[PDB]
Amino acid sequence: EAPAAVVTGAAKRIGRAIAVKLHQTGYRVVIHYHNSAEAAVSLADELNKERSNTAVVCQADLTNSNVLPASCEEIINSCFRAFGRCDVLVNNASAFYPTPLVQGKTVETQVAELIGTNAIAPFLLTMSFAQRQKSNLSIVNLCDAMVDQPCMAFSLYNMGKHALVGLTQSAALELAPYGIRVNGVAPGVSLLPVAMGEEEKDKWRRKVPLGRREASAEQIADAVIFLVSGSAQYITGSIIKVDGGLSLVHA
Amino acid sequence: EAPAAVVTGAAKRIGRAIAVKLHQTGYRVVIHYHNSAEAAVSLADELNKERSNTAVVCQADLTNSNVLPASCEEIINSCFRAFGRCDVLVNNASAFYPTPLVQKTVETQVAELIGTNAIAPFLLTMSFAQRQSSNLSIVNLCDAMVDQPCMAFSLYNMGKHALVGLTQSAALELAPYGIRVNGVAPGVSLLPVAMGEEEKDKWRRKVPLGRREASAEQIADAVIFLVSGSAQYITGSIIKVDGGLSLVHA
Amino acid sequence: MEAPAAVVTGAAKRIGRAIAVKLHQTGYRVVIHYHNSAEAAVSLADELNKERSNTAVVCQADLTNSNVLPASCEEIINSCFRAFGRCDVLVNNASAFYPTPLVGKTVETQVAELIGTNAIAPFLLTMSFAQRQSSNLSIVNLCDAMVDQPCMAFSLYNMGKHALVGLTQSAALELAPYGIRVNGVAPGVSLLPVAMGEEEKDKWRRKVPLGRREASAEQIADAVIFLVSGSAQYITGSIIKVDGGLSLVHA
Amino acid sequence: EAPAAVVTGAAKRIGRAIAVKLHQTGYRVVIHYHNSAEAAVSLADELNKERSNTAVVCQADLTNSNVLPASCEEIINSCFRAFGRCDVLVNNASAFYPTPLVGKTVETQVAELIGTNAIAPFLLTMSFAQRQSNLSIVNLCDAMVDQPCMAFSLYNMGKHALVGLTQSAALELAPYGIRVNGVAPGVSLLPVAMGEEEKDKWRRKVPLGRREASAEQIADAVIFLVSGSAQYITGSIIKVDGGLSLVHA
Ligand SMILES: NC(=O)c1ccc[n+]([C@@H]2O[C@H](COP(=O)([O-])OP(=O)(O)OC[C@H]3O[C@@H](n4cnc5c(N)ncnc54)[C@H](OP(=O)(O)O)[C@@H]3O)[C@@H](O)[C@H]2O)c1
Ligand SMILES: NC(=O)c1ccc[n+]([C@@H]2O[C@H](COP(=O)([O-])OP(=O)(O)OC[C@H]3O[C@@H](n4cnc5c(N)ncnc54)[C@H](OP(=O)(O)O)[C@@H]3O)[C@@H](O)[C@H]2O)c1
Ligand SMILES: NC(=O)c1ccc[n+]([C@@H]2O[C@H](COP(=O)([O-])OP(=O)(O)OC[C@H]3O[C@@H](n4cnc5c(N)ncnc54)[C@H](OP(=O)(O)O)[C@@H]3O)[C@@H](O)[C@H]2O)c1
Ligand SMILES: NC(=O)c1ccc[n+]([C@@H]2O[C@H](COP(=O)([O-])OP(=O)(O)OC[C@H]3O[C@@H](n4cnc5c(N)ncnc54)[C@H](OP(=O)(O)O)[C@@H]3O)[C@@H](O)[C@H]2O)c1
Ligand SMILES: N#Cc1ccc(COc2ccc3nc(N)sc3c2)cc1
Ligand SMILES: N#Cc1ccc(COc2ccc3nc(N)sc3c2)cc1
Ligand SMILES: N#Cc1ccc(COc2ccc3nc(N)sc3c2)cc1
Ligand SMILES: N#Cc1ccc(COc2ccc3nc(N)sc3c2)cc1
């Protein structure tokens, strides 16, 4: 039988790219989404049209709350209900916005969203993935190559991505005896925010030593693909930067 | 006249050592506590006998909840009330226990481990900075074993990693205000009181420098260094005080 | 002549051999550099030339730091151009590894050997490779996942490996404008020293979370193959730990 | 009774400020120098005036060669000759200049940059440790080591190796009671050769005060690491960079 993978925030962008690429590699996929109903279903359609019964959608808010554990438990349940297995979990879903330290959302909403999506939901999804296990099991977390050179006023987001590095190492150590590898893919600049203007986009592009451009979503997916593959069978607790040398450029 | 410092979880162990050493260096201090009122008051009394009206206590739960921002705002407010200023914030308070991935509700554990170790320090940081010549700085109590974590301590580990991220981000963001932001990262200092004595010796014997844990005062020394005029260009730095423990391979 | 060409240093045995083999299996013509192991280097070349004619040469050079090291490194790179008309890939694999405690070989020889092979020779090879430059040009340095938790009394080895991390980062930055990518593979415990007793080998094996075993040479080679591939074309300045979680294990 | 310290490249700039501050703290100092003879003897005068018999100079070229071990051995020897002890070693001496991947031979470039920045520190560390209370070594590392300057590969390689040494020697020498630590400046006293527009360019990058570190600010970290207040600190590198290493492209 074909292996099965969960991709969080899979409706668009990097998540979609990962889902698609895992699909073309022969995975059945759970397209998790939050607000992107249209894009999620539309992607699952495209995928099923290619090989029938290979894609499902799973809606979940991944903001931290007392129900997040059940929501994460359910996401993994959705893989097992659809496919009888869960071989790969990609923690791709991410909230990303400034939270300036010196002063819309309450700060507790901000904490719930930025730490929730970026770290707490991956932790809970990992617990659920690991516990539901009865092959090549792995977890890939979408980290950030710029964690130690953070953007001004993104403290909560930065905190969550650091926590995610924390989890990747802690989970790799813990889940290694169960044969579950846990690794990271750290984009520098990939697909820029939809909201971002071209002039600003180019400001970021010009910083990238390797070709003065952002990563395509497929280039990110490539590293994900490598990590879940048999070519990475001994790789655990490793974070592969996919950043064109961005994190190496001094101020 | 004298600078003032907040130390969270300052009733016992490392926070106590930090509070004392700060006071010995001439700081007025807020001794924050959650459960340890008796110990907190005892410390304040001891320091006030040395210098009158130089130590105050302040109760707060630093677990993450909808009231944590108010609590943290109050911790900082209590320093400005007592002393008319807040020059130092030491984020020492920390919940610490294992949270296995394969098995208190996990969300309590989250609120406690991430709350104390990362969220409350972020909010305290905010309130500290909002309320602002001077030598303003923040010291965050990190963990030197963060990249070699203990088995089944994922949430603790995530919270400390988050604290490393806050150190860095706040150092950048607050540098234009002259607020320095730094970390001290113990390896093995005072062991958890609940831990078995043999389990303590195992940890002690692993330390390259003297096969013993750091005393609390040794941790406090790094903190004292970081808040001083001797560290006025230092921001975004985390100083390991671990006797080389983080350098020892499996 | 449309086939790409790779230089692998210390390619005669163990990890570099597996890398030469895997590169060859990928469609690379290979320069098999060696120092002492002439017989093994030639028999690799022969085995590879049996598979495809005129796709493997050998190149002898001592990689010890000396006045002639720069000429030697230039020759190694030239040899690839003379054999195959191109040089697409450099794999800095060769390494001396022995203790140099702080408290028949002189310390200066120890320096020349451990720093020469592990750092200087990679720097000069890098320089010659770049000076000489559809194309996908990259360098892969064989680092060490344990550089921040070093073995007792291996300071010079450790120092050369750390220097290699520096080169990887510095060369990635410098060579990104030429479209030369520069990455590391960092093994933990891989193919253990040839004579080392199985009781002692098991002490290292038991430390690894993922399977309580060392990496095969082929597993290290897998990460090298990924880094040189079309799948890694935005990856530069990255070091991929291939260590089975070994770096994550506390004392 | 008074402890003794070796500082390499102590005639000028950061080395000088380390020597000055160690002296003020109560150390006898060996002022190692290579070319800066006048400034070295001049510093030892200033120090010796202040407390006689507390400063010597020691000349050595710290470029890698077959004789570098004997020169490093000599530098430590000259501390024991003058003062009967050697409590502190400060690895400050550094070559620093571009070596692009694409006036000196590359073999000289290697010998200088890897010699001064890494090999001489290793050899000095060896000799220091061989001759053996609060014993320690401080290495002058670099906070920009993972965000290197363009075309400084050899220099960066040496500072990377220095981190390696700091860690490996900290581990190895800890059972002897010798601690080994690093101080990593970002932008401190900018190279003399550099023009003033370029200096200001670098100044503007520093989040904390938009200025370089004084040599005294760097020396303060060295002072802390050698002091009683750092007795459990080994294998730590303290960035003294005003938050520069935190600034993205
Ligand atoms: N793009 C880059 O340049 C870049 C750079 C560095 C790191 N990364 C990392 O790479 C990963 C993918 O990047 P990306 O730009 O493709 O991500 P993105 O488009 O900004 O967001 C990914 C998806 O996460 C889901 N999400 C957001 N908030 C959520 C919440 N509260 N609950 C549940 N789901 C939520 C969204 O799903 P719906 O659309 O269904 O609501 C969203 O489409 C992320 O983890 C990111 O942090 C990306
Ligand atoms: N001890 C070590 O070896 C070691 C190693 C690595 C890192 N560290 C770091 O060093 C720092 C201090 O260490 P320590 O051993 O002194 O830690 P500890 O005794 O375990 O710290 C607990 C202190 O923080 C307060 N605290 C705990 N949970 C809290 C909550 N939910 N809300 C509010 N306050 C809470 C406590 O206050 P009350 O008693 O008043 O309730 C207590 O005084 C910590 O940040 C720790 O992570 C220590
Ligand atoms: N194996 C592991 O467990 C492990 C762990 C961490 C890192 N690594 C890294 O992975 C790489 C390959 O590992 P390995 O175990 O296969 O390495 P290795 O067997 O120790 O050495 C590989 C080759 O390096 C060459 N070499 C040694 N000294 C030399 C000199 N002075 N001049 C020129 N060549 C010299 C030798 O060539 P000849 O035999 O032809 O003389 C040797 O066969 C190394 O860079 C190593 O540091 C390996
Ligand atoms: N300045 C900064 O902004 C900065 C930033 C990051 C790191 N650092 C590090 O901090 C330390 C001190 O900085 P600095 O600017 O004061 O250093 P520097 O002035 O550039 O050099 C210090 C001394 O090193 C000695 N030296 C150079 N080549 C030598 C050789 N071949 N043999 C023996 N000695 C040699 C010279 O001594 P003589 O004059 O006696 O010949 C020189 O005065 C260095 O390790 C440096 O890499 C400095
Ligand atoms: N303002 C602003 C700004 C600054 C830097 C970036 C870099 O691109 C990123 C970085 C992280 C990140 N995380 C997501 N979930 S999307 C994204 C884009 C994007 C936006
Ligand atoms: N099991 C286990 C175990 C392993 C290592 C340690 C080291 O000591 C620490 C570490 C973190 C920490 N955080 C606190 N709030 S107390 C404490 C003690 C303590 C317990
Ligand atoms: N003492 C000791 C000791 C430490 C680590 C290992 C793991 O195997 C390695 C590590 C690095 C290394 N470098 C080479 N050129 S071979 C090799 C084997 C083997 C022995
Ligand atoms: N080109 C160029 C250039 C870029 C940045 C700097 C920063 O200042 C430093 C850094 C390292 C260093 N090492 C020395 N031995 S002096 C020195 C000055 C100095 C020069």
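Here is the naming used below: chain letters follow the sequence lines, and residue numbers restart at 1 for every chain.
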Given side chains that start at C-beta, do those of [X] and [Y] come closer than 4.5 Å, heavy atoms only?
X      : Y      : value
A/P209 : A/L248 : no
D/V145 : D/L162 : no
C/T100 : D/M126 : no
C/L69  : C/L63  : yes
C/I120 : D/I114 : yes
C/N136 : C/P4   : no
D/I18  : D/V138 : no
C/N183 : C/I240 : no

- Message: Between C/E75 and C/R82, does any NZ, NE, NH1 or NH2 come within less than 4.0 Å of an OD or OE carboxylate oxygen?
- Response: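 Answer for the salt bridge query: yes.
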- Item | Among C/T168, C/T9, C/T117, C/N141, side-chain hydrogen bond (donor to acceptor under 3.5 Å, both in side chains) partner for C/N92 |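 It is C/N141, the one option of C/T168, C/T9, C/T117, C/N141 that forms the side-chain hydrogen bond (donor to acceptor under 3.5 Å, both in side chains) with C/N92.
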- Exam field: side chain D/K159 to backbone D/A143, donor-acceptor pair closer than 3.5 Å: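 No, because the side chain of D/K159 does not come within donor-acceptor range (under 3.5 Å) of the backbone of D/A143.
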- Among D/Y155, D/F152, D/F96, which residue meets the side chain to side chain contact (heavy atoms under 4.5 Å, CB included) test with D/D142?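 Passing option: D/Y155.
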- Do other residues, nucleotides or ligands put more than 12 heavy atoms under 6.0 Å from the OH atom of C/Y178?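 Open.
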- Message: Within the supplied structure, the quantity of interest is the number of heavy atoms (other residues, nucleotides, ligands) at a distance under 6.0 Å from A/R213 CZ; does it exceed 12?
- Response: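 It does not: A/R213 CZ has 12 such atoms or fewer within range.
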- Message: So, taking the atom named OG in D/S188 and the one named CG in D/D241, what distance separates them when rounded to the nearest 0.5 Å?
- Response: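 Atom-to-atom, D/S188:OG and D/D241:CG are 11.0 Å apart.
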- Message: Here's one to test your reading of the geometry: is the NZ or CZ of D/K199 within 45 degrees of the ring axis of D/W202 and under 6.0 Å from its centre?
- Response: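 Because its charged atom misses either the 6.0 Å distance or the 45° angle limit, D/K199 does not stack over D/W202.
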